[PDB]
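In structure tokens, one chain follows: the form deposited in one PDB entry.
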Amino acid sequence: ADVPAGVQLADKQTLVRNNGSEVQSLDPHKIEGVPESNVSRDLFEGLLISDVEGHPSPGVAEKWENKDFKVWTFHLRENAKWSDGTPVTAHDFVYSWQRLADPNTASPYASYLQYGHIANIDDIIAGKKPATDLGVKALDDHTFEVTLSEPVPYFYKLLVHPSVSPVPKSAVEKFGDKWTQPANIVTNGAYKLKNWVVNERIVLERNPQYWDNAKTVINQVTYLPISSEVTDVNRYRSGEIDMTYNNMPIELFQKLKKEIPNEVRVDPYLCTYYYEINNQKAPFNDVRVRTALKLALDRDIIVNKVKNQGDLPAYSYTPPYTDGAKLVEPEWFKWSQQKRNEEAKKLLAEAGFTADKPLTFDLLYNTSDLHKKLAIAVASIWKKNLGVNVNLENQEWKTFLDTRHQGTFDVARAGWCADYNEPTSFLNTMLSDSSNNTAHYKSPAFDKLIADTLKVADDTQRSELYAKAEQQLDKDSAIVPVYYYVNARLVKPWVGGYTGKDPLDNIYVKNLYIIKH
């Protein structure tokens, strides 16, 4: 943290943050969500980290170079240490990225190494080559060299993500899946795990071995697993919570903007809210069904009447304000809702659905005030505009993500947030073989368009390819875009260090501080 001169610090430097749900895991290779990553950034530090405004900055690596954007050399600071006092070395990174790549680990982010094009990743994922063949090596204890199969100019931007953080081999091997328990875990971020009470709280305490420990101000941070946005706001207003999760309750949000204006933070966020269609399951494998659902949903009603928290109606997967996004807004989005409804009805009738043989399916969402209220409204809108019957089903976060990966669903509420600010952070998840492809979407055409983006050596051709890829996705109605999120949350007046300038919202508690109040 960089405490501005003049600012008087509170005697007690403790923070309470709501985290939206119980984390899937604390193992960097077994996580795929925002809640998981929120805690991960305080415990495990990779090569680079985001500064307080989101710029890729030195993490364990203090300096780095690239040769033709294909060979990246990271110089690790000598004083980087784990919480047990042992050094963080390039060997830790070699082991960790190999473990991420290894099919045996079954990481949901195994494809992150494909997104970065680390040499030999495809064969390793397919079981054709051993994970030790991965294009990473330790040149010495403080030098990590990564070799890519093609030039990736934005490669370093990917490195702030949890999947490429180091994990302690010793603890993993000795304790297996219980390596993350408080008594066994070893961490290299600014914090250490103190307590972990499932469905109650995660308590982290300052890690004195952290290389930048002298700049850390918060001594303890508690992460809560409250999925009810109304409850989160209530516990924030009662004084228990210092920072709510960034999912806002439809019930209380208007109230709040008027009641506590200076505590309501609303900033740009690179995330898209959509209804994910299981593309490999009939009748959702029929593009006419998918298109009907996409068109019959009334974004104006949901976004501006039902939710109205500052969101913008969406027509794409990649947010249009992503760095490098120059998207073509589709004609259907410009039409009136009545025209969209008419077309939707025509397509469904073409697909075989009638009044005595209607389309009935499930709408899966993770427990939440916001998602439930929106799902009820969408169910109503689809029933009214298309004559479709939807059965709502809520699941807790960890179960919900597993269900989507399994493909044991029809339609699911979804929200993807960028991992790095570049269109492929979104687009790569729709690749036929992506480990993040819960849409179960497989398009050779789409795949080829993305493949071509690193075969050109200029941003204009690349951006046009991203635009065409979104057009392909939209043509196939892979998803039902709803709105582009805004990062809205409540932050107590005494919490300093939160700028809201980072569109990826990669917060580190080491950068925050409590002002005397």
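Note that residue numbering begins at 1 and tracks the sequence as displayed.
Form deposited in another entry: not shown, discussed below.
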task = For the rigid-body movement between the shown form and the other one, give the member of 74, 269, 424, 157 that sits on the hinge.
result = 269
message = Can you confirm the direction of the Cα distance change for residue 64 and residue 456 in the other form, closer or farther than in this form, given it is 3 Å or more?
response = closer
query = Taking the shown form as reference, are the C-alpha positions of residue 456 and residue 65 brought closer or pushed farther apart in the other form, with a change of 3 Å or more?
reply = closer
